[PDB]
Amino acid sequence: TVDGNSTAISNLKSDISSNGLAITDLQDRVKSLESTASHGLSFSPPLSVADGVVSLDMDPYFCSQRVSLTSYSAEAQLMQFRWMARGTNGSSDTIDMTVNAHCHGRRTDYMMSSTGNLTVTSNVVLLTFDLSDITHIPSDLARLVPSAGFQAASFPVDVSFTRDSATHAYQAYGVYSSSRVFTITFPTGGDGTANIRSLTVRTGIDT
């Protein structure tokens, strides 16, 4: 019985030792899993996580998904409004422009035609387009604001008008002085005080 107990004790010792080795294996295996690189992955914008789902956040004016990342899903608009333009050099006059702005994705294309005459005093005129001078400002006013990248440079503008019964047309340029205001510069077809009529302006911006 002392001998029987001693044999039982030797058996227990063996089992305890097995358990001890199984616990050392589990300790190593759990050490790995605690350090696995994929734990604490995070996602910077335009990637985001909500309830375990990783998403690409998409500006619908620029892109969308149809399985794959493709172009804009937002509805195009053709806005129609009146914009009073201001002579800001070579003219102190104003002129009403009937404006169609075709907004498709983040491109806004302007087609403008004037009503009335603009009095000019020099051979070149600067004509300013400030969002505050728009009558019945559209809802999606964001469609009329150029992006910061677009604003950094002058952009091409087609201009045409009549003066003293003759048509003039020029490839000219505009530039934004701020996010709400651009000015175009164009020749007036002559010198001195005169009136130009049937002013048309065609240009486009990236918003």
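Sequential numbering from 1, following the sequence displayed.
Asks: Return whichever of 158-166 and 47-55 has the greater mean Cα B factor according to the PDB record.
Replies: The recorded data point to 47-55.
Asks: Highest mean C-alpha temperature factor of the two stretches 36-44 and 176-184, which is it?
Replies: Per the deposited B-factors, the answer is 36-44.
Asks: Just to confirm, going by the entry's C-alpha B-factors, which of 171, 151, 27, 64 comes out highest?
Replies: Top of the list by C-alpha B-factor: 27.
Asks: Pull the Cα B-factor of residue 203 out of the PDB entry and bin it into the chain's lowest, middle or highest third.
Replies: Its C-alpha B-factor, which the entry lists for residue 203, ranks in the lowest third among residues of this chain.
Asks: Going by the entry, which third of its chain does the Cα temperature factor of residue 70 land in?
Replies: It falls in the middle third of the chain.
Asks: How does residue 77 rank on Cα B-factor within its chain, lowest, middle or highest third?
Replies: Answer is middle: the recorded C-alpha B-factor places it there.
Asks: Tell me, lowest, middle or highest third: where does the Cα B factor of residue 86 rank within its chain?
Replies: Lowest third - that is where residue 86 ends up once the chain's C-alpha B-factors are sorted.
Asks: Consider only the C-alpha atoms of the modelled residues in this chain, order them by B-factor as the entry records it, and name the third containing residue 137: lowest, middle or highest.
Replies: It falls in the top third of the chain.
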